[PDB]
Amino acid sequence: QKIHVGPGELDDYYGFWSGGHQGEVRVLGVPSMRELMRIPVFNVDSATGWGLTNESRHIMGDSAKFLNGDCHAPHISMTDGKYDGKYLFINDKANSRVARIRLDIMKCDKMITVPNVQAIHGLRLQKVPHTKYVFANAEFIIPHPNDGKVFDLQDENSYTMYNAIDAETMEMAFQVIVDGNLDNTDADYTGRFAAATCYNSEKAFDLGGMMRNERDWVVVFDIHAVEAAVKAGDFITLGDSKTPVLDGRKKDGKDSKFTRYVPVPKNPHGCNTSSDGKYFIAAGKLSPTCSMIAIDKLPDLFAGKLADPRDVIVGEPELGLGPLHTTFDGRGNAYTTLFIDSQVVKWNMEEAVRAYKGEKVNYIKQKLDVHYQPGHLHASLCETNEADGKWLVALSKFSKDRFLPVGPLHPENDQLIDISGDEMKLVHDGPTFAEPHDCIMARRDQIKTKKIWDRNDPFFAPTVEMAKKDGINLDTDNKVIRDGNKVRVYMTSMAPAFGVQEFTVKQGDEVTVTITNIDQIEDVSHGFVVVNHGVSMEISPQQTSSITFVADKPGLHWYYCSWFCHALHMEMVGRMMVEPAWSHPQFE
């Protein structure tokens, strides 16, 4: 299997890395593991102006005031159990958000703050018949309402919720109150069932309390029952949110119609659907096991045909110390990270099932040492029925001496492994920044991108509407619109020249600069920086971008194109003239 990509050769797969604590999404080529692009999401990006421009701040909404995010889990939208290449979704644990990235323009186009919860951690997409819903876990138990009258996690109104977001509209679809808490989650291959692990069935806040119970559980959701209750109006709402809320808790030992609790040891973490649709596999973390939940026994479970929720467990292989995450090669093998043993263990799911029934069989096929302390891992196409068993990435937290020292902070070691054969083969150590934690791979032919924007693209439609109110045709006009203490500069740009090369304002004016890049050739990006005003953005071909700032400094202030666009780029500049406040009417 081709391991190295030489000059002029192209990678075979796209890789989509979580930006971890840094808050972006990163696009890699696989197997070279080179970073092809960064997609700003929850971070503020100086280069493209994401978080500064009006288009990006509009998408982020009120949360545009936050400069941070914390990502764990990127996933790609699916139709009939295969990637369709339309959207990537990712979480923000720091400020409780879900973001959607449009894979044709490789930009975040929608973002939502999940109401009435704290810390969006695990995130996973419905597989069948398509990604109708984004499932997202809120990790932490909070009071409802959280008005500062009650702080007790044990109070009857303290809880966290499982969240369903409508993938196309990016509005809340529903929420399900659960017992315990939520960690990771996955979905079946029918659309009926989803499942999530829980490490805090104790509803404790201290380390000892969260580890008391021998077993926590994975909670299973009957999505069809949830929908039928919504359509029937059998739900409540919390605070000012209109989101339908359904109660998935047990009440005095009696289950709700929406959930079932399958006991699993112990503080389990990963929750992974095998690519043949057979199992929800939970990683036991503090228990040296995984637990295999038979998805085809779920209907019986929810219909009372089983006495014990443990009856849906058909395997619980002992694997090693600190199992965290599981992936699949599509050949009947699972691969599980062992955080303490610092290994990836390859095991056969059907053989593990037969061992659970008493049959003495050795389901463990190989243990590969990794470097060191692996968290999550990802096999190519593992989340689809097309899992091709070619590549595996294990994302290890302590890289130690695997890379040159770079001071007190260390990179994550994202290790590429060849699994095309019977023997796992470590081939590349990929160091990464701010603990990406997890990633997703897609074949080259599963991703179709645009090189030139469409002029009607929703990403900047609000700006077109604004321009229209000013009587502006963005494809041609170079005009300075004045409106009291607001100035709205509209210009085209075509390398190497800004369409407006100087304009004059009063000190204190609120200036919006809107630039439409009318170059028609691929890869002619322009930039726009106002010196010493903290203003910076990128404009790609046929895109419109805008940014607003206050001209609070009298005098002449240069602006320049930051992105090399032409042999005469260094000369693509302009001048803002700011008339001193003492030469104009003075206010207080």
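Note that residue numbering follows the sequence shown and begins at 1.
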126 to 134 set against 347 to 355, stretch whose average Cα temperature factor tops the other in the entry: 347 to 355
Mean Cα B-factor comparison, 202 to 210 or 476 to 484, giving the higher one as deposited: 202 to 210
Most elevated Cα B-factor in the entry, residues 321, 395, 303, 409: 303
Given 546, 520, 543, 56, the residue at which the Cα B factor reaches its maximum: 520
Among modelled residues of the same chain, the CA temperature factor third for residue 16: lowest
Chain thirds of CA B-factor: placement of residue 256: highest
For residue 576, the third of its chain into which the C-alpha B factor falls: lowest
Third of the chain, ranked by Cα B-factor, where residue 115 sits: middle
Residue 361 - Cα temperature factor, lowest/middle/highest third of chain: highest
